[PDB]
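Shown here is one chain on its own, the form deposited in one PDB entry, set out as structure tokens.
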């Protein structure tokens, strides 16, 4: 048959809006900004945003709309060579689906722990609390070994933090069941009712932002909000010399915008050919970076309040890693009237933000993979088995991040698997093929015939120069001034862990050069003609059903 289109223009936006607005906004951005000093994170953040994040995102959407194909076959239509971008995106999204559901596992654990008379992380008098812990209020009344009850609950119970990655400890069975419960939710929403949230689009979309306004209002009114915003906004120039801030902020754009995954291309392939997706992406792009920036005020206002209460530096008040959103926001809900009621709403909001995203990415790779075998899959019970196998295998690998030493594996996956040099590798090759091989001006003829008008030269230069320079320059300068990954600024990773971590990056990076080798080997003839035949697009806009022109 043919790839079914969206039922309406509104269906495309809500699916895309919930597909890349989520834990990448309210969870990953706050601690990446917190890790890389304060406001020095924002200059690379906005530079990468307006240089490549919007351009590459629109490029993927427009490629999907042009080819009417998924993550992988879109590149096959665009360019038979460099078709390994699809497989690299599939590997990246596979690892992302492996490690991104652990955040929802932790969120479910907090949601379950929240159904009590008193929130467990308000006061530290429980079994897991070390004798060093004491309350934030009486911290000033009472060196540098006095931990707060909030960090204790996250480390010494929820995580049961192990001394290192090479001490995995014992699997946390409570978190494994929470990990299975969210995976069962995704499976039961992917197999039946691929897009079944249409009845409650009003609540399932507006509430996550409605809660974000509530947290923002509470955060700004706190006594210590002044120092937090100055920490969040005012940049430190000396930190711009470290290449890590450019890598972190550079790939936080690519992470938050879900590009180089094949989900955007799949989402962009489900809309009409004669649909103006240029304007909607910019409005959708504004919603993402607006959410990350505005919610950044909320969490960083809490950090200033926490630092003021404890009388410690803002940079030393919480965890410089994943779990800042789990240390700041659960502290914010404590100061609210009826703390239990709001804490339930926050972690329900946190769940709805990521569940909608996980639905898109999991379906993105499933749709991308079934394109490889349209006959073997997408027919009867063979999709039932295949989707479960993807979810079951990806769940078992997620168990390694649930054990007591599971946090350290989480930082490895977070830094390497679906972020960092792997994203800079695919994003560079996405733009390099389009701008220099396919032709930036050559694609504009398709886009102008598609949205009805020719957009400005912003996209042309971003793919041609800005994105390759930003990707290549940051890739080179990261290795030149190499710094090993660390967890919470203290833990130094063992050599094999970094070697394992680089395998996660190289597992998808090596897809691009490999597929070139197979493509060259399969093609018969002289080497130059072999290459020349493999760069000719195979009629990407082969859809006479919708009015169109010739691709060349």
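Numbering follows the first chain given and starts at 1. Here the rigid core means the biggest group of C-alpha atoms that line up within 1.5 Å when the two forms are laid on top of each other.
S.K.: Of the other entries that cover residues on both sides, do at least a third skip residue 143?
M.R.: Across the other compared entries, residue 143 is absent from at least a third.
S.K.: When you step from residue 481 to residue 482 in this entry, do you jump over none, 1 to 3, 4 to 9, or 10 or more residues of the deposited sequence that have no coordinates?
M.R.: Missing in between: none.
Although not depicted, the form solved in complex with a small molecule is the subject of the following passage.
S.K.: Of these, 73, 269, 357, 308, which has a heavy atom no more than 4.5 Å from the small molecule in the deposited complex?
M.R.: If I apply the 4.5 Å criterion carefully, the residue I get is 357.
S.K.: So, in the deposited complex, is residue 100 in contact with the small molecule at a 4.5 angstroms heavy atom limit?
M.R.: Output for residue 100 is yes: heavy atoms within 4.5 Å of the small molecule.
S.K.: Taking heavy atoms only, is residue 121 within 4.5 angstroms of the small molecule in the deposited complex?
M.R.: Residue 121 lies outside the contact set for the small molecule.
S.K.: Can you tell me if residue 430 lies within 4.5 angstroms of the small molecule in the deposited complex, counting non-hydrogen atoms only?
M.R.: Because no heavy atom of residue 430 falls inside 4.5 Å of the small molecule in the deposited complex, the answer is no.
S.K.: I'd like to know whether residue 258 contacts the small molecule in the deposited complex, with contact meaning heavy atoms within 4.5 angstroms.
M.R.: Yes - in the deposited complex, heavy atoms of residue 258 and the small molecule come within 4.5 Å of each other.
S.K.: Can you tell me which of these residues, 113, 244, 400, 197, is the one whose C-alpha shifts by at least 2 angstroms between the shown form and the other one after a rigid core fit?
M.R.: Spelled out, the residue whose C-alpha shifts by 2 Å or more is 197.
S.K.: Just checking, between the shown form and the other one and with the core aligned, does residue 378 shift 2 Å or more at the CA?
M.R.: After core superposition, the displacement of the residue 378 C-alpha between the shown form and the other one reaches the 2 Å mark, so yes.
S.K.: Hey, the CA atoms of residue 96 and residue 378 end up closer or farther in the deposited complex than in the shown form, with the change being 3 Å or more?
M.R.: Residue 96 and residue 378 sit farther apart in the deposited complex.
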